[PDB]
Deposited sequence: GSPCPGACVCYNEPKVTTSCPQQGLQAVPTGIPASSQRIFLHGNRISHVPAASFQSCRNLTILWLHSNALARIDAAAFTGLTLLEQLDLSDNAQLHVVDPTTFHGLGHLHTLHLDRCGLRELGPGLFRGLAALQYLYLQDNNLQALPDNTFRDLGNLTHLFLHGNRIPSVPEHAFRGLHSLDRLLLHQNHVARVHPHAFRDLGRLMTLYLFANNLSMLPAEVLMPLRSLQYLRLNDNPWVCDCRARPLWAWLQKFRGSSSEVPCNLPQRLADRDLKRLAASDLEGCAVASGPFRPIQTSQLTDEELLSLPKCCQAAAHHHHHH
């Protein structure tokens, strides 16, 4: 009932404890348990100990973005069964989130983890988040996209993975993402995508793969994308020879909107758009399956 010194407390529209840009070193004590929204963004909170908000059982929105988060306890968010929105973004030194941290958050809808310097996504990190719809993981330091990382995210519609260093996409990286509408994998180091990586992405409408390291792409990887409407493949070292014929054939039938597919090789077809090429331009080689 009394508001912490660095905070503003009001009841409408939701019970809110707001303490942004107050130079707070840690989570302020005495936050009203009736709080539905807590805003602690813009401080210098470095650690989030266990049960830091356990008394706030009605908490649905928690902002911790733009702090100095270096360590989050695995039980930091226990008791927050009604939490819908969690923001931990803009904490470039966070590096690693404990795989148990998000467990039990069955009402979570949006999870902001953009710019957190995340080195990896540990096993079971997004386990049981069946209500999650928006997952922000851009501008981190990811080096892998392990199988079944998002297996339980059946309600996920937006997945942001751009601005990382993911080298490849394995077969079961995106298994279970039946509701996925937009998938942003641009500005990574993707050198190869498994032929069946997008098997469950039949409702996907937007796929960004530009600014990667793709020289070739099996046409079978695009086949499950029945609902695709937007595709970006530019800024990739595409090799426009015989190996590009399957991808070429698919692009000729694609009724959606695709970007340029710039040929890096051969020298003759440099920066020509692959989809705008004739079939005759795609003969001969320039190790692949057709040479």
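Student: What are the C-alpha gaps when you align the coordinates back onto the deposited sequence?
Tutor: No C-alpha coordinates exist for 1, 288-308, 314-323.
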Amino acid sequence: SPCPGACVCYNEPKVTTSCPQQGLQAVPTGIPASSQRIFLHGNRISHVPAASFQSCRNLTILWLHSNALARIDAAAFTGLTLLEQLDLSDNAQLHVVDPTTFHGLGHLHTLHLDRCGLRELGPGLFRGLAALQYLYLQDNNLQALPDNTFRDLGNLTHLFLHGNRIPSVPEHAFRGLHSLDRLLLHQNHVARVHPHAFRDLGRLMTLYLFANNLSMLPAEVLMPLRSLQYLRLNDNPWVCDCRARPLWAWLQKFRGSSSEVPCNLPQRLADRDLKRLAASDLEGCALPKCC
From here on, numbers count along this sequence of modelled residues.
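Student: Tell whether, across the other compared PDB entries, at least a third have no coordinates for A6.
Tutor: In all of the other entries, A6 has coordinates.
Student: Among other entries of this protein with both neighbours modelled, does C291 go without coordinates in a third or more of them?
Tutor: Other entries vs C291: none skip it.
Student: Out of 96-104 and 212-220, which one has CA B-factors that are higher on average in the deposited record?
Tutor: Going by the record's values, the stretch with the higher mean is 212-220.
Student: Higher mean Cα B-factor in the deposited model: 270-278 or 5-13?
Tutor: The recorded data point to 5-13.
Student: What third of the chain, by the recorded C-alpha B-factor, contains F53?
Tutor: It falls in the top third of the chain.
Student: Name the third of the chain's ranked CA B-factors that contains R37, choosing lowest, middle or highest.
Tutor: Its C-alpha B-factor belongs to the lowest third of this chain's values.
Student: Would you mind ranking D200 by its C-alpha B-factor against the rest of the chain and naming the third, lowest, middle or highest?
Tutor: CA B-factor rank for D200: highest third.
Student: Relative to the other modelled residues of the same chain, rank the CA B-factor of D73 and answer lowest, middle or highest third.
Tutor: Lowest third of the chain for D73's C-alpha B-factor.
Student: Mind checking which third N234 falls in for C-alpha B-factor across the chain?
Tutor: Its C-alpha B-factor belongs to the lowest third of this chain's values.
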